[PDB]
Amino acid sequence: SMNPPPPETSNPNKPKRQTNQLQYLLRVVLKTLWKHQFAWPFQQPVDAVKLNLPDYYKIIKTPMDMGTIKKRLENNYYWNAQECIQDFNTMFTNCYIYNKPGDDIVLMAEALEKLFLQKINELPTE
Ligand SMILES: C#CCOCCOCCNC(=O)CN(CCOCCOCCN(C)c1ccc2nc(-c3cc(C)c(=O)n(C)c3)n(CC3CCOCC3)c2c1)C(=O)c1ccc(C(=O)c2ccccc2)cc1
């Protein structure tokens, strides 16, 4: 099987804006998670071809990753903060749906998810 195309990271038709919450999602939330020692499985789309996972995109029909989220924030793809928060929660849920619960990557995702949730608790006023 081929990999599906990656998620869209830009759309000219979409209006753009710079909100204090969108700045925080990029320069605090993503900045913190990106540099974490456990980021690297989540920094790009799951390459099912390279990793030989013929069932990944039979199970995961809403793929998401931090490389996509990064590009979306850089390209003002997101109007509301909750759109971006929705993409992070999708990335975590996909990892928990596909991988056996005793797997190393499940602990890695939970660590990044704990940090994500602490940084979201500190999001600034709209
Ligand atoms: C022969 C032949 C070819 O030769 C290639 C050589 O490649 C190794 C060298 N790598 C580098 O130079 C770059 N790099 C970053 C990536 O490193 C992770 C190692 O695997 C990379 C590739 N994989 C397997 C690879 C790549 C991407 C993957 N994505 C997934 C995956 C799969 C599924 C099913 C999924 O749901 N998700 C979300 C992601 N996998 C599968 C593995 C994920 C982790 O558990 C094992 C399966 C990936 C595997 C690093 O050097 C590096 C390392 C480790 C850390 C690190 O974590 C650390 C640890 C301690 C202290 C400090 C830092 C940091 C940087």
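Answer yes or no as to whether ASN80 is away from the ligand (no atom under 12 Å from the Cβ), under 26 Å from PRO4 (Cα atoms) and of a type outside the set (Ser, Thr, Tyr). In short, no. Here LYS71 meets each of (1) within 23 Å of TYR98 (Cα to Cα); (2) surrounded by 15 or more Cβ atoms within 10 Å (Cβ to Cβ); (3) more than 12 Å from the ligand (Cβ to nearest atom) with one exception, condition (1). Within region 23-52, track down each residue that is assigned to a loop (DSSP other than H, G, I, E, B) and not β-branched (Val, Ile, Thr). Passing the criteria: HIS36, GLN37, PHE38, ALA39, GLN43, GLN44, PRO45, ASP47, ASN52. Residues that are within 10 Å of the chain's Cα centre (by Cα) and in a loop (DSSP other than H, G, I, E, B) within region 69-80 are absent altogether. Looking at region 81-126 only, could you name the residues that are in contact with a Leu (Cβ under 9 Å, 6 or more places away or on another chain) and in a loop (DSSP other than H, G, I, E, B)? Answer for region 81-126, where residues must be in contact with a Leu (Cβ under 9 Å, 6 or more places away or on another chain) and in a loop (DSSP other than H, G, I, E, B): just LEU123.
Answer yes or no as to whether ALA48 is within 12 Å of the ligand (Cβ to nearest atom), farther than 19 Å from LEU115 by Cα, small (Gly, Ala, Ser) and surrounded by 12 or more Cβ atoms within 10 Å (Cβ to Cβ).
On the way: within 12 Å of the ligand (Cβ to nearest atom): yes; farther than 19 Å from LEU115 by Cα: yes; small (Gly, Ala, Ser): yes; surrounded by 12 or more Cβ atoms within 10 Å (Cβ to Cβ): yes.
Taking the combined requirement at face value, the residue satisfies it.
Any residue at all in region 1-15 that is of a type in the set (A, V, I, L, M), at negative phi and surrounded by 13 or more Cβ atoms within 10 Å (Cβ to Cβ)? No: region 1-15 contains no residue that is of a type in the set (A, V, I, L, M), at negative phi and surrounded by 13 or more Cβ atoms within 10 Å (Cβ to Cβ).
Pull up region 53-68, narrow it to residues that are in a helix (DSSP H, G or I) and of a type in the set (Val, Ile, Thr), then point me to the one that is farthest from the ligand (Cβ to nearest atom).
Initial filter on region 53-68 (in a helix (DSSP H, G or I)): 56-59, 66-68.
After this cut, where a residue has to be of a type in the set (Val, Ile, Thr) as well, the list is 59, 68.
Details: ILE59: 10, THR68: 12 Å.
Checked region 53-68; the qualifying residue farthest from the ligand (Cβ to nearest atom) is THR68.
Reconstructed Cβ throughout: ideal geometry from the backbone, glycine too, with neighbour counts over all protein chains shown. No value in this document is a laboratory result; all are computed from the given coordinates.
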